[PDB]
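Chemist: Mind having a look at this structure? Questions to follow.
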Amino acid sequence: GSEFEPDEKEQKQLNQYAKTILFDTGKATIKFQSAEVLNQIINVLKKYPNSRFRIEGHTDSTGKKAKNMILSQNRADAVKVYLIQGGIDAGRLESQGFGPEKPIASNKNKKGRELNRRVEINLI
C-alpha cells in the first residue's frame with residue numbers, strides 16, 4: 001500500500017495475531033489452528049512488500065535455558081518457512097529465538113508465563 005512500513009497500530013495488531021500462534025509443549029511444529037492466523041499475517045505482510053521483519057520465538061523460563069533457546073529458534077524458523085511458502089519474499093524475513101531472555105511478565109505464575117510464551121513479528 002501507500003505506506004512503506006506498518007504504523008504503530010498495525011505493528012501492534014500484527015503481534016496480536018502472532019501471539020495466537022500456538023505450539024505443543026516441547027514441540028516446534030505449526031499446528032493447523034495457526035494456519036488461518038498465519039494466512040492473515042501473510043495478508044498483512046504483503047501490504048508492505050519492502051519492509052523487513054524479525055520473527056521472534058520466546059519461551060517462559062521453565063526448563064533448561066539452552067533447550068529453550070533451541071526450541072524458540074526452531075519455532076521462529078517454522079513460522080518463517082511457513083510465511084515463505086505462503087508467498088512472502090525470503091529476503092524480507094529473519095527468524096531468531098530468544099528463549100526466556102526477554103520476558104514481558106513474571107515467570108512465577110501461569111498468567112505471566114502464558115504472556116512470556118509468544119511468537120513476535122517485529123519491524124526491522
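Convention: chains lettered A, B, ... in C-alpha cells order; per-chain residue numbering from 1; ligands numbered from 1 as shown.
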So that each row is one residue of segment 28-66 of chain A with an atom at most 9 Å from segment 108-117 of chain A, can you give its shortest atom pair and the distance in Å to one decimal, using only C-alpha atoms, rows by chain and rising number, as a Markdown table?
Modeler:
| residue | atom | partner | partner_atom | distance |
| --- | --- | --- | --- | --- |
| A:57 | CA | A:117 | CA | 8.2 |
| A:58 | CA | A:117 | CA | 5.5 |
| A:59 | CA | A:117 | CA | 4.5 |
| A:60 | CA | A:113 | CA | 5.2 |
| A:61 | CA | A:113 | CA | 7.7 |
| A:62 | CA | A:113 | CA | 8.7 |
Chemist: Please dump the current selection as a PDB file, in the first residue's frame; keep C-alpha atoms.
Modeler:
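Final output, result-v4.pdb:
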ATOM      1  CA  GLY A  57      10.471 -17.060  19.358  1.00  0.00           C
ATOM      2  CA  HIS A  58      10.053 -16.608  23.118  1.00  0.00           C
ATOM      3  CA  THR A  59       9.575 -19.152  25.893  1.00  0.00           C
ATOM      4  CA  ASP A  60       8.846 -18.954  29.612  1.00  0.00           C
ATOM      5  CA  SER A  61      11.752 -19.602  31.995  1.00  0.00           C
ATOM      6  CA  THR A  62      10.775 -23.182  32.921  1.00  0.00           C
TER       7      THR A  62
END
Chemist: Could you write out, as an MDAnalysis selection string, all the residues of segment 35-124 of chain A that DSSP marks as helix (DSSP H, G or I)?
Modeler: chainID A and resid 35:45 65:85 90:92 110:116
Chemist: Counting only C-alpha atoms, which residue out of A:66, A:38, A:55, A:90 sits closest to residue 20 of chain A?
Modeler: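 Of the candidates, the smallest distance to residue 20 of chain A is held by A:38.
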Chemist: I need the residues of chain A that end up classed as strand (DSSP E) by DSSP on the backbone, written out as a VMD selection string.
Modeler: chain A and resid 53 to 58 93 to 99 118 to 123
Chemist: Looking at A:29, A:96, A:40, A:51, which one is nearest to residue 69 of chain A, with distances taken over only C-alpha atoms?
Modeler: A:96
Chemist: Neighbouring residues of residue 53 of chain A were defined as those with any atom within 12 Å, considering only C-alpha atoms; residues of the same chain fewer than 6 positions away were excluded. Please report them as a list in words.
Modeler: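 Contacts, in chain order: residues 5, 6, 11, 14, 15, 41, 42, 44, 45, 46, 76, 79, 80, 83, 88, 89, 90, 91, 92, 93, 94, 95, 96, 120, 121, 122, 123 and 124 of chain A.
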Chemist: Do you know which residues are at most 9 Å from segment 23-25 of chain A counting only C-alpha atoms, after dropping those on the same chain fewer than 5 positions away, and could you put them as a list in words?
Modeler: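 Residues near the query, excluding close chain neighbours: residues 30, 31, 34 and 75 of chain A.
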Chemist: Nearest residue to residue 3 of chain A out of A:49, A:28, A:105, A:87, using only C-alpha atoms?
Modeler: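 That would be A:49, the residue with the smallest distance to residue 3 of chain A.
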Chemist: Between A:26, A:84, A:50, A:70, which has the minimum distance to residue 98 of chain A (counting only C-alpha atoms)?
Modeler: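 Ranked by minimum distance to residue 98 of chain A, first place goes to A:70.
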Chemist: Could you check the closest approach to residue 64 of chain A for each of A:99, A:19, A:7, A:2 and tell me which residue wins, using only C-alpha atoms?
Modeler: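 Nearest candidate to residue 64 of chain A out of A:99, A:19, A:7, A:2: A:99.
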Chemist: Restricting the calculation to only C-alpha atoms, which member of A:101, A:22, A:54, A:9 is positioned closest to residue 35 of chain A?
Modeler: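 Closest to residue 35 of chain A, using only C-alpha atoms: A:22.
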